[PDB]
Each structure stands twice: as C-alpha cells, then as structure tokens.
Amino acid sequence: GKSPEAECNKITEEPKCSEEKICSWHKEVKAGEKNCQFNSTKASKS
C-alpha cells in the first residue's frame, strides 16, 4: 500500500493488471522495464 507504481509492479499479470486500479499492462517491455506498472493519469477514474 505504498506508491501506486510499486503497487502495480507486484501484479505481474496482464488480466489482473489491466483491471487493476490505476494500473496498466506494459505489453512490450525493454529488458529492465516492468509490464505491470503505474499508468499515471491514464486511468482518470474515481
């Protein structure tokens, strides 16, 4: 329950992440990046 970015990072699942609050699936990823991660102001839903 810390930074939302870190929160999303743990999911490591596309189906879950895509539905996760303010999380979005980084489909393509560079070696070093993270797939499930903070979508920032992408969600814009409360």
# chains A, B, ... in the order shown; residues from 1 in each chain; ligands from 1
$ select_by_dssp --residues "chain A" --states "strand (DSSP E or B)" --output "PyMOL selection string"
chain A and resi 23-25+36-38
$ write_last_selection --atoms "N, CA, C and O atoms" --output "short mmCIF file (atom, residue, chain, number, x, y, z; two decimals), in the first residue's frame"
data_model
loop_
_atom_site.label_atom_id
_atom_site.label_comp_id
_atom_site.auth_asym_id
_atom_site.auth_seq_id
_atom_site.Cartn_x
_atom_site.Cartn_y
_atom_site.Cartn_z
N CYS A 23 -3.58 0.88 -12.75
CA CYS A 23 -2.52 0.06 -13.32
C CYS A 23 -2.82 -0.23 -14.78
O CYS A 23 -3.99 -0.24 -15.19
N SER A 24 -1.79 -0.42 -15.58
CA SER A 24 -1.97 -0.72 -16.99
C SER A 24 -0.83 -1.60 -17.48
O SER A 24 0.29 -1.53 -16.95
N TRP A 25 -1.15 -2.52 -18.37
CA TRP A 25 -0.18 -3.51 -18.81
C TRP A 25 0.75 -2.94 -19.88
O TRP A 25 0.34 -2.63 -21.00
N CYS A 36 3.56 -4.82 -15.66
CA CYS A 36 2.53 -4.23 -14.83
C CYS A 36 3.11 -3.04 -14.08
O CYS A 36 4.09 -3.16 -13.35
N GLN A 37 2.56 -1.86 -14.36
CA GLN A 37 3.11 -0.64 -13.80
C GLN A 37 2.09 0.49 -13.81
O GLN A 37 0.98 0.35 -14.35
N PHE A 38 2.44 1.56 -13.12
CA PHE A 38 1.59 2.72 -12.94
C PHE A 38 1.27 3.38 -14.28
O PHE A 38 2.19 3.78 -15.00
#
$ select_by_dssp --residues "chain A" --states "alpha helix (DSSP H)" --output "PDB file with N, CA, C and O atoms, in the first residue's frame"
ATOM      1  N   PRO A   4       1.660   3.840  -5.870  1.00  0.00           N
ATOM      2  CA  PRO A   4       0.829   3.097  -6.825  1.00  0.00           C
ATOM      3  C   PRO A   4       1.652   2.382  -7.895  1.00  0.00           C
ATOM      4  O   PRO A   4       1.309   1.274  -8.307  1.00  0.00           O
ATOM      5  N   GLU A   5       2.759   2.994  -8.307  1.00  0.00           N
ATOM      6  CA  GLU A   5       3.654   2.373  -9.278  1.00  0.00           C
ATOM      7  C   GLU A   5       4.168   1.041  -8.747  1.00  0.00           C
ATOM      8  O   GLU A   5       4.036   0.005  -9.402  1.00  0.00           O
ATOM      9  N   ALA A   6       4.681   1.069  -7.521  1.00  0.00           N
ATOM     10  CA  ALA A   6       5.162  -0.133  -6.859  1.00  0.00           C
ATOM     11  C   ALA A   6       4.023  -1.121  -6.646  1.00  0.00           C
ATOM     12  O   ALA A   6       4.205  -2.333  -6.783  1.00  0.00           O
ATOM     13  N   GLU A   7       2.842  -0.592  -6.341  1.00  0.00           N
ATOM     14  CA  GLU A   7       1.659  -1.418  -6.151  1.00  0.00           C
ATOM     15  C   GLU A   7       1.366  -2.238  -7.401  1.00  0.00           C
ATOM     16  O   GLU A   7       1.231  -3.453  -7.324  1.00  0.00           O
ATOM     17  N   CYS A   8       1.321  -1.578  -8.555  1.00  0.00           N
ATOM     18  CA  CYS A   8       1.079  -2.258  -9.819  1.00  0.00           C
ATOM     19  C   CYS A   8       2.199  -3.251 -10.144  1.00  0.00           C
ATOM     20  O   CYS A   8       1.944  -4.335 -10.657  1.00  0.00           O
ATOM     21  N   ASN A   9       3.437  -2.862  -9.869  1.00  0.00           N
ATOM     22  CA  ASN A   9       4.611  -3.677 -10.206  1.00  0.00           C
ATOM     23  C   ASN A   9       4.487  -5.135  -9.740  1.00  0.00           C
ATOM     24  O   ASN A   9       5.013  -6.035 -10.388  1.00  0.00           O
ATOM     25  N   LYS A  10       3.878  -5.353  -8.578  1.00  0.00           N
ATOM     26  CA  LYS A  10       3.825  -6.691  -7.983  1.00  0.00           C
ATOM     27  C   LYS A  10       2.896  -7.647  -8.746  1.00  0.00           C
ATOM     28  O   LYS A  10       3.058  -8.863  -8.653  1.00  0.00           O
ATOM     29  N   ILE A  11       1.857  -7.107  -9.385  1.00  0.00           N
ATOM     30  CA  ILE A  11       0.828  -7.927 -10.028  1.00  0.00           C
ATOM     31  C   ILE A  11       1.429  -8.931 -11.013  1.00  0.00           C
ATOM     32  O   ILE A  11       1.184 -10.132 -10.903  1.00  0.00           O
ATOM     33  N   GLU A  14      -1.218  -9.730 -16.812  1.00  0.00           N
ATOM     34  CA  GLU A  14      -1.932  -8.874 -17.750  1.00  0.00           C
ATOM     35  C   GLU A  14      -3.425  -8.756 -17.424  1.00  0.00           C
ATOM     36  O   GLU A  14      -3.941  -7.640 -17.323  1.00  0.00           O
ATOM     37  N   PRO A  15      -4.148  -9.883 -17.226  1.00  0.00           N
ATOM     38  CA  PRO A  15      -5.581  -9.838 -16.930  1.00  0.00           C
ATOM     39  C   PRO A  15      -5.876  -9.051 -15.658  1.00  0.00           C
ATOM     40  O   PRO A  15      -6.753  -8.187 -15.638  1.00  0.00           O
ATOM     41  N   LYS A  16      -5.096  -9.312 -14.618  1.00  0.00           N
ATOM     42  CA  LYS A  16      -5.254  -8.607 -13.355  1.00  0.00           C
ATOM     43  C   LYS A  16      -4.861  -7.138 -13.491  1.00  0.00           C
ATOM     44  O   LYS A  16      -5.577  -6.258 -13.020  1.00  0.00           O
ATOM     45  N   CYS A  17      -3.687  -6.892 -14.068  1.00  0.00           N
ATOM     46  CA  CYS A  17      -3.130  -5.542 -14.161  1.00  0.00           C
ATOM     47  C   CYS A  17      -4.042  -4.603 -14.933  1.00  0.00           C
ATOM     48  O   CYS A  17      -4.219  -3.447 -14.553  1.00  0.00           O
ATOM     49  N   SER A  18      -4.570  -5.088 -16.048  1.00  0.00           N
ATOM     50  CA  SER A  18      -5.407  -4.278 -16.911  1.00  0.00           C
ATOM     51  C   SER A  18      -6.657  -3.810 -16.158  1.00  0.00           C
ATOM     52  O   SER A  18      -7.136  -2.692 -16.361  1.00  0.00           O
ATOM     53  N   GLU A  19      -7.159  -4.662 -15.268  1.00  0.00           N
ATOM     54  CA  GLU A  19      -8.330  -4.337 -14.462  1.00  0.00           C
ATOM     55  C   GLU A  19      -7.943  -3.585 -13.186  1.00  0.00           C
ATOM     56  O   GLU A  19      -8.774  -2.903 -12.585  1.00  0.00           O
TER      57      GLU A  19
END
$ residues_around --residues "residue 45 of chain A" --least-positions-apart "5" --cutoff "12 Å" --atoms "only C-alpha atoms" --output "ChimeraX atom specification"
/A:20-23,39-40
$ write_last_selection --atoms "N, CA, C and O atoms" --output "compact mmCIF listing (two decimals), in the first residue's frame"
# COMPACT_ATOMS: atom_id res chain seq x y z
N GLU A 20 -6.69 -3.76 -12.75
CA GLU A 20 -6.20 -3.12 -11.52
C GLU A 20 -6.37 -1.61 -11.57
O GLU A 20 -6.16 -0.98 -12.61
N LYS A 21 -6.75 -1.04 -10.43
CA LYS A 21 -6.95 0.39 -10.32
C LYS A 21 -5.66 1.15 -10.60
O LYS A 21 -4.64 0.89 -9.98
N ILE A 22 -5.74 2.07 -11.56
CA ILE A 22 -4.63 2.93 -11.98
C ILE A 22 -3.37 2.13 -12.37
O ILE A 22 -2.27 2.68 -12.52
N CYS A 23 -3.58 0.88 -12.75
CA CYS A 23 -2.52 0.06 -13.32
C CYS A 23 -2.82 -0.23 -14.78
O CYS A 23 -3.99 -0.24 -15.19
N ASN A 39 -0.01 3.53 -14.59
CA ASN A 39 -0.39 4.18 -15.84
C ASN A 39 -0.48 5.70 -15.67
O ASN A 39 -0.79 6.42 -16.61
N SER A 40 -0.20 6.16 -14.45
CA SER A 40 -0.23 7.58 -14.14
C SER A 40 -1.65 8.14 -14.30
O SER A 40 -2.61 7.54 -13.81
$ atom_distance --atom1 "atom CA of residue 32 of chain A" --atom2 "atom CA of residue 13 of chain A"
16.7 Å
$ residues_around --residues "residue 35 of chain A" --least-positions-apart "5" --cutoff "7 Å" --atoms "only C-alpha atoms" --output "number ranges by chain"
A: 12, 25-27, 29
$ write_last_selection --atoms "N, CA and C atoms" --output "PDB file, in the first residue's frame"
ATOM      1  N   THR A  12       2.230  -8.432 -11.950  1.00  0.00           N
ATOM      2  CA  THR A  12       2.917  -9.262 -12.949  1.00  0.00           C
ATOM      3  C   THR A  12       1.944 -10.179 -13.698  1.00  0.00           C
ATOM      4  N   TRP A  25      -1.147  -2.524 -18.367  1.00  0.00           N
ATOM      5  CA  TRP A  25      -0.181  -3.508 -18.815  1.00  0.00           C
ATOM      6  C   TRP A  25       0.754  -2.940 -19.877  1.00  0.00           C
ATOM      7  N   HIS A  26       2.031  -2.942 -19.546  1.00  0.00           N
ATOM      8  CA  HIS A  26       3.094  -2.577 -20.467  1.00  0.00           C
ATOM      9  C   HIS A  26       3.396  -3.781 -21.353  1.00  0.00           C
ATOM     10  N   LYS A  27       2.632  -3.922 -22.433  1.00  0.00           N
ATOM     11  CA  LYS A  27       2.667  -5.133 -23.259  1.00  0.00           C
ATOM     12  C   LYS A  27       4.083  -5.455 -23.729  1.00  0.00           C
ATOM     13  N   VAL A  29       8.016  -4.736 -23.526  1.00  0.00           N
ATOM     14  CA  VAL A  29       8.902  -4.226 -22.484  1.00  0.00           C
ATOM     15  C   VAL A  29      10.370  -4.422 -22.832  1.00  0.00           C
TER      16      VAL A  29
END
